[PDB]
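Some notes on the structure that comes next.
Neighbour counts run over all protein chains shown; Cβ positions are idealised from the backbone, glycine included. Read-outs throughout are calculated quantities, based only on the coordinates presented, and are distinct from any laboratory measurement.
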Amino acid sequence: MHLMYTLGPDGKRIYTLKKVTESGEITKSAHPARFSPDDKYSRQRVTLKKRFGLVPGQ
């Protein structure tokens, strides 16, 4: 039962994951406070289906 959907900032199904390879720096898609992390807005089907591009790096 992997892959999660969020309806917070908008309300749809923010695609993401929790498994080991769950998004990048960010906790997973969605917004952390300001347009930063992928948010699941990194066009799915790209890369390798892992994470959504990440952003809140360090």
Checklist entry - Around residue 19, with a cut-off of 12 angstrom between Cβ atoms, what is the net charge of the other residues, counting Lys and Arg +1 and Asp and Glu -1? => result +4
Next on the checklist: On the principal axes of its Cα set, how long, how wide and how thick is the chain? Give whole Å, largest value first.
Outcome noted: 28, 25, 19
Item to check | Relative contact order for the chain, counting Cα pairs under 8 Å that sit 6 or more residues apart, in percent | outcome: 30
